[PDB]
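A.B. asks:
Number of protein chains: 2
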Amino acid sequence: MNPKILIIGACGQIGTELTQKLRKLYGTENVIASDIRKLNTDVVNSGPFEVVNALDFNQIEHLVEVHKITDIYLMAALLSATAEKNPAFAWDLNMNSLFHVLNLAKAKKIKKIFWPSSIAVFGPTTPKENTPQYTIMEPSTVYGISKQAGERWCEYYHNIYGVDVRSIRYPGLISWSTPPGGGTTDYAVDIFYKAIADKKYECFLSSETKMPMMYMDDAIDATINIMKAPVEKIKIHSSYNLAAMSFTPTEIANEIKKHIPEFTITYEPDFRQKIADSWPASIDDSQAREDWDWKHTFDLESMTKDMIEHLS
Amino acid sequence: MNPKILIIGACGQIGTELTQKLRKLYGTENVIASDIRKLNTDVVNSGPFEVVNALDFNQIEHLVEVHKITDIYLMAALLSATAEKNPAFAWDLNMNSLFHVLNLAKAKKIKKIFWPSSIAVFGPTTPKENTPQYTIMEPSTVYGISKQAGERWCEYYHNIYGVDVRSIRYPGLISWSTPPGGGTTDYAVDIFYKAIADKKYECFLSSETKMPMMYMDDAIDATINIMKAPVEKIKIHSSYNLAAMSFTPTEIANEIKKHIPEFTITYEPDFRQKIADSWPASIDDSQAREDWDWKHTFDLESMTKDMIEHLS
Ligand SMILES: NC(=O)c1ccc[n+]([C@@H]2O[C@H](COP(=O)([O-])OP(=O)(O)OC[C@H]3O[C@@H](n4cnc5c(N)ncnc54)[C@H](O)[C@@H]3O)[C@@H](O)[C@H]2O)c1
Ligand SMILES: NC(=O)c1ccc[n+]([C@@H]2O[C@H](COP(=O)([O-])OP(=O)(O)OC[C@H]3O[C@@H](n4cnc5c(N)ncnc54)[C@H](O)[C@@H]3O)[C@@H](O)[C@H]2O)c1
Numbered sequence: 001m002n003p004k005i006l007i008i009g010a011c012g013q014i015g016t017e018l019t020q021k022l023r024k025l026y027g028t029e030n031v032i033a034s035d036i037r038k039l040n041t042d043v044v045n046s047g048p049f050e051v052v053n054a055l056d057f058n059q060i061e062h063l064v065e066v067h068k069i070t071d072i073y074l075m076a077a078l079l080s081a082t083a084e085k086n087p088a089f090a091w092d093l094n095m096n097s098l099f100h101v102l103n104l105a106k107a108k109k110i111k112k113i114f115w116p117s118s119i120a121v122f123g124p125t126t127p128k129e130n131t132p133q134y135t136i137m138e139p140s141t142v143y144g145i146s147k148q149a150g151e152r153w154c155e156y157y158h159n160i161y162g163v164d165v166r167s168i169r170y171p172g173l174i175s176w177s178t179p180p181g182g183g184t185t186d187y188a189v190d191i192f193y194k195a196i197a198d199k200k201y202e203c204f205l206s207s208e209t210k211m212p213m214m215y216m217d218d219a220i221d222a223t224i225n226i227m228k229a230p231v232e233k234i235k236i237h238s239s240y241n242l243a244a245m246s247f248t249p250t251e252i253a254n255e256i257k258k259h260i261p262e263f264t265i266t267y268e269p270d271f272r273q274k275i276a277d278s279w280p281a282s283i284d285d286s287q288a289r290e291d292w293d294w295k296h297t298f299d300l301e302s303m304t305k306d307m308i309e310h311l312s
Numbered sequence: 001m002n003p004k005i006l007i008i009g010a011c012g013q014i015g016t017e018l019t020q021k022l023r024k025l026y027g028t029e030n031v032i033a034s035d036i037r038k039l040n041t042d043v044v045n046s047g048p049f050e051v052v053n054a055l056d057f058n059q060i061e062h063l064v065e066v067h068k069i070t071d072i073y074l075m076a077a078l079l080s081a082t083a084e085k086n087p088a089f090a091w092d093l094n095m096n097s098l099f100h101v102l103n104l105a106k107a108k109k110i111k112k113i114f115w116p117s118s119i120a121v122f123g124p125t126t127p128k129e130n131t132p133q134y135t136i137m138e139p140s141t142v143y144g145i146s147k148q149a150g151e152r153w154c155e156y157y158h159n160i161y162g163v164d165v166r167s168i169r170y171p172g173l174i175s176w177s178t179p180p181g182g183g184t185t186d187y188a189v190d191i192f193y194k195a196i197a198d199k200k201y202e203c204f205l206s207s208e209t210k211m212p213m214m215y216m217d218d219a220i221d222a223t224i225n226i227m228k229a230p231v232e233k234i235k236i237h238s239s240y241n242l243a244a245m246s247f248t249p250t251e252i253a254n255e256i257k258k259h260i261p262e263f264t265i266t267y268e269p270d271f272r273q274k275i276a277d278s279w280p281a282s283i284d285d286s287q288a289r290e291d292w293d294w295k296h297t298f299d300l301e302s303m304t305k306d307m308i309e310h311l312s
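Top line first, the protein sequences correspond to chains A and B.
Terminal number for the first sequence in the authors' numbering: 312, no gaps in between.
Terminal number for the second sequence in the authors' numbering: 312, no gaps in between.
#1: What residue range does the alpha helix (DSSP H) around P249 of chain B cover?
#2: Please list the partners that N159 of chain B has in chain A, where partner means a Cβ-to-Cβ separation under 9 Å.
#3: Just by C-beta distance, which residues in the segment 114 to 140 of chain A are closer than 8 Å to chain B?
#4: Is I14 of chain B close to ligand 2? I mean its beta-carbon at under 7 Å from any heavy atom of the ligand.
#5: Flag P212 of chain A as yes when its Cβ comes closer than 7 Å to any non-hydrogen atom of ligand 1, and as no otherwise.
#6: Would you say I145 of chain B lies against chain A (beta-carbon separation less than 8 Å)?
#7: Near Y215 of chain B, which residues of its chain fall below 6 Å by C-beta distance, leaving aside the five closest residues on each side in sequence?
#8: Out of B:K68, B:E138 and B:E50, which one is the CA nearest neighbour of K111 of chain B?
#9: Measure the alpha-carbon distance for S312 of chain B versus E262 of chain B and round it to whole angstroms.
#10: If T16 of chain B and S80 of chain B are in contact, beta carbons under 8 Å, what's the gap, nearest whole angstrom?
#11: Can you find a CB in chain B that lies within less than 8 Å of the CB of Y156 of chain A?
#12: Between the segment 267 to 283 of chain A and the segment 197 to 213 of chain A, can you find at least three pairs of beta-carbon atoms closer than 8 Å?
#13: Express the C-alpha separation of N159 of chain B and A107 of chain B in angstroms, rounding to a whole number.
#14: Among the residues of its own chain, which have a CB less than 6 Å from the CB of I72 of chain A, if the five just before and after it don't count?
#15: Any idea if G9 of chain B is buried or exposed, counting beta-carbon neighbours within 10 angstroms, 16 or more meaning buried?
#16: Mind pulling the alpha helix (DSSP H) runs of 4 or more residues that sit fully within the segment 2 to 89 of chain B?
#17: By DSSP's criteria, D164 of chain A is part of a beta bridge. Which residues make up the other side?
#18: The beta strand (DSSP E) that contains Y193 of chain B, what's its start and end?
#19: If you measure beta-carbon to beta-carbon, which residues of the segment 283 to 294 of chain B are closer than 7 Å to chain A?
#20: How about the segment 112 to 128 of chain B and the segment 138 to 152 of chain B: do they share at least three Cβ pairs that are nearer than 8 Å?
#21: For a test of the three-state rule: what should DSSP assign to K295 of chain A, helix, strand or coil?
#22: From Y156 of chain A to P269 of chain A, what does the alpha carbon distance come to, in whole angstroms?
#23: Measure the C-alpha to C-alpha separation of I136 of chain A and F204 of chain A and round it to an integer number of angstroms.
#24: State yes or no: is the C-beta of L104 of chain B nearer than 7 Å to some heavy atom of ligand 2?
#25: Given a threshold of 16 other Cβ atoms within 10 Å of its Cβ, counted over all protein chains shown, does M245 of chain B qualify as buried or as exposed?
#26: Going by Cα to Cα distance, which pick from B:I265, B:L25 and B:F49 is closest to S34 of chain B?
#27: Is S239 of chain B near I168 of chain B, with beta carbons less than 8 Å apart?
#28: Would you please verify whether the beta carbon of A195 of chain A is less than 8 Å from any beta carbon of chain B?
#29: Just tell me which of B:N53, B:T28 and B:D92 has its CA closest to the CA of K38 of chain B.
#30: Please report the residue range of the beta strand (DSSP E) in which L205 of chain A lies.
#31: Under 9 Å, CB to CB, which of the residues in the segment 159 to 175 of chain A have a partner in chain B?
#32: Heavy atom of ligand 2 less than 7 Å from the Cβ of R152 of chain B, yes or no?
#33: Can you round the beta-carbon distance between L55 of chain A and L93 of chain A to whole angstroms, since I take them to be within the 8 Å contact cut?
#34: For the segment 229 to 250 of chain B, enumerate the residues whose C-beta is nearer than 8 Å to any C-beta of chain A, in chain order.
#35: Relative to the alpha-carbon of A276 of chain B, which residue among B:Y267, B:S286 and B:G183 has its alpha-carbon at the smallest distance?
#36: Taking only the alpha-carbon atoms, compute the straight-line gap between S278 of chain B and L104 of chain B and give it to the nearest angstrom.
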C-alpha cells in the first residue's frame, strides 16, 4: 500500500518541488499539500490543498484524520536570516510545529516523519572543511539553535517512544521554481535572476565565502530516498550530514559568466555575512552515503546550466 | 554598591548553601530567597523570602521591581532523573524560566545573571576522559537537551543583546544540608545517609560507574567567584566546564568504609544507569581555571571526612 502524505509548508522553496515529485511517484491525490498561505500557485491547484497553521496541534491532527495520513513532511519554519529578525516567533514555530508532529507519531496517529535540519546547526567552533557527522556544534543563530534542539528531540522521540523520524541537514539549496525563504545561502539563487535580468548582481556575501550547497533536484531525491529506505538502514536518528557542492560567490559567478559573458558582480556583505562566517565551508556526508546510498548528481557546472535553461 | 540578589529556587540542594554564603558575604537583606515551595526550612526564616513560580514572568518582574534586584541566580529546574518522568513539564520549566530571566536582562531590569548548566549536556558520543570545553554534545535526556539549548540561548543573549549571563556545568554535587532533587549522581549523597543510618546501602548505579563529582562547598565557591570576576575575564558565554573529583561507587564506598568499617554496599542499577552511561567520566576544566582562576579545594578523602562529621 502506498503512503498517504501530508506536506506542511508545501508552498515553500522545497515544498513546491517535493510535492510535485512525490505526486509523480505516489499519485496526485495521495499527497496532500498544506500551508498557512494559499496562493494561486502551481502546487495549490495541481492537487489536494489544505490551509493549515503548523503552530496549532488540533489543525494538524484534523488533517491527519480526514486525509488518513501515514507520512508527514514538516517543512514549515523560518529560515536562518529571517529568524534573526524575529527570534521569539522563529523559536516558537520551529520548535512547537515539530513537537506537534512528533507527538502525533508518539500517539500512533501517523507512521513516519521527515523533518529537515540544516548546516546551520554548526557554529564558529565547528571544523570548517569536511565537517564530520559527529562534531562540535554551537550554533550562533536562533535558527541553528532551533535545528539543534530539533535534532536532539527527534532522536529522543525515536529512542524513547520508537518514533520513525528521519532527517537530513540540507546545505544551502538552489532552485528555479520558487523564491527562497530568506536563508543565508539565498544569494546562490538571486545571482541567477539578476544575471539573467540585469546582467549584473550585488552579492550580500564577500567573494571568497565558501559554503556547502546543493541543487534542489538533489535535495528532493535525498528527501524521498531516506524516507523510502527500509527502517533498519536509518542508523542516525538526529539528522544526517548531506553534501553535494561547495563553492564561493566568485566561483558561481565565474560559471555563470561562461553562459553570460557580460555578467558582472560586485560584493556588498551585510548582516548575513556574520551568519555565513559561523558555518563550515564543506561537509562530510559519508554516513548518509553508506547507510542509505546517498549520492548527488549535480555539480556547479551542471546546476548552472540547468538553472539558466529554466530561467532563460 | 553591593549587589541586590534574587535567588530563584533558593530551597534546593544548591540554593540552600548558596543563599547562606551570599548572605554572609553581602548581607542578609541584600539576598532575597525565592521558591515555589515555602517550608519551615532554615532558608525561609533566615532572611527575606518570597514565594514565586519561575514559569510566571510577571511574578519574577514584580519581585525584581519591589526588591530593586541587580543580580539573579536562576536555580529552579527539574533534574536529569526527575525530568525523564515528566519530559513536557521539565522542558517547559527549564527553558521558559531561563527565557524570563534572560529577557529581564535584555530589558535591562537586572544587571547580571547566573544560570547553571550541567555535565548532562554531554552524550554517548562525547569523549569520556578529560572531556574538553569544546566537544561533541548529543544529550540523550530531556534535562540534557534543556541545558544544551539553555547554553545556546545564554550565548545568544550575550552576543546579540549584550546580556551579562554566566554559567558553569556543575558535575554531580554532594551536600549534607538539604537532600538532592532527583539527579543521577544522587547516590553520592544517599550513600552517606544510609551508611550512617543503616550501615548498608543499595546503590542504583553499578560499582564501576566513574562520574565527575564535586563537593557543594566547591560548587558554591565556583558560583560566587565566577559572578564576582570582572566582566572581561568571562570569555565563554555558553557555560564553563567545571571539575573537582571523579570516582566510582566502589571508591567512595571504600572511603566511607575507612570511617565506618562495618559498612557494606550492594548494587541494583535502575533507569538512572542508562543516563550515567551517556555521560563522561572526568572533565577538563582548564578554561575555567585560566579565565577566572577556578580552583577546587575538596577531594574524595576530605569530602568524605566533612560529610561524616556533619552527619554523625
Ligand atoms: N532552502 C534551504 O536552503 C534550506 C536549507 C536547510 C534547511 N532547510 C529547511 O527546509 C525546510 C523548508 O525550507 P524552504 O526553503 O522550503 O522554506 P520556505 O520559507 O521557502 O517555505 C516555508 C513554507 O512554510 C510555510 N509556513 C510558515 N509558517 C507556517 C505555519 N505557521 N503553518 C503552515 N505553514 C507555514 C510558509 O508559508 C512557506 O510556504 C525548513 O525546515 C528549512 O529550515 C532549508
Ligand atoms: N545538584 C546537582 O548535582 C546539579 C548538577 C548540575 C546542575 N545542577 C543545576 O543546579 C540548579 C539547582 O539544582 P539543585 O540541585 O539545587 O536542584 P533542587 O531540585 O534541589 O532545587 C530546585 C529548587 O527549585 C524550586 N522550583 C521548582 N520549580 C519551581 C518553579 N516553577 N518556580 C520557583 N521555584 C521552583 C524547587 O522547589 C527547589 O527548591 C538546577 O539548574 C540544576 O539543573 C545541579
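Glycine residues also receive a C-beta, built at the ideal position from the N, C-alpha and C atoms.
C.D. replies: Taking the geometry as given:
#1: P249 to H259
#2: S140
#3: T125, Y134, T135, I136, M137, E138, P139 and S140
#4: yes
#5: no
#6: yes
#7: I174, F298 and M303
#8: B:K68
#9: 15 Å
#10: With 8 Å as the limit, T16 of chain B and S80 of chain B do not qualify as a contact, their Cβ atoms being about 19 Å apart.
#11: yes
#12: yes
#13: 15 Å
#14: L6, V101, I110 and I113
#15: buried
#16: 13 to 26, 42 to 45, 57 to 66 and 80 to 85
#17: A:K112
#18: Element bounds for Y193 of chain B: not the beta strand (DSSP E) but the alpha helix (DSSP H), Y187 to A197.
#19: none
#20: yes
#21: coil
#22: 39 Å
#23: 27 Å
#24: no
#25: buried
#26: B:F49
#27: yes
#28: no
#29: B:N53
#30: No beta strand (DSSP E) contains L205 of chain A, which DSSP labels as neither H nor E.
#31: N159 and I160
#32: no
#33: 6 Å
#34: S238
#35: B:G183
#36: 34 Å
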